[PDB]
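Just one chain is shown here, as structure tokens, and it is the form deposited in one PDB entry.
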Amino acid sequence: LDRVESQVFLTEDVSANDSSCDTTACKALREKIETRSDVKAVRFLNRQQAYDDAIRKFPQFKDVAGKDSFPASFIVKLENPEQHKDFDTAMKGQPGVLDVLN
């Protein structure tokens, strides 16, 4: 068990109709994250998965949310939980990054 993971949400261009992070922008951002010395692993959650996860927890949005109104993200494992503070800051300053949680 990793105690914490970082979730890096992507702006709407990065993830558009991209189910597996196969577009130029998504790959460019993944590579910028993966090659950081403080990053252990990265996995991608597409817009469809983000919708399913959100609507599961908040069905109230069902009538107003389009199938792509929930941002995609990278779930990132760091080498240790202490590394999350400066990682978050760095990620928030990356073109294509919407927000960072945890």
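Note that residue numbering begins at 1 and tracks the sequence as displayed. If you superpose the two forms and keep the largest set of C-alpha atoms that fall within 1.5 Å, you have the rigid core.
Below, we turn to the form deposited in another entry, even though it does not appear here.
Superposition of the core reveals a Cα shift of less than 2 Å for residue 38 between the shown form and the other one. After superposition on the rigid core, displacement of the C-alpha of residue 16 between the shown form and the other one amounts to 2 Å or more.
Superposition on the rigid core between the shown form and the other one places the CA atom of residue 27 less than 2 Å from its counterpart.
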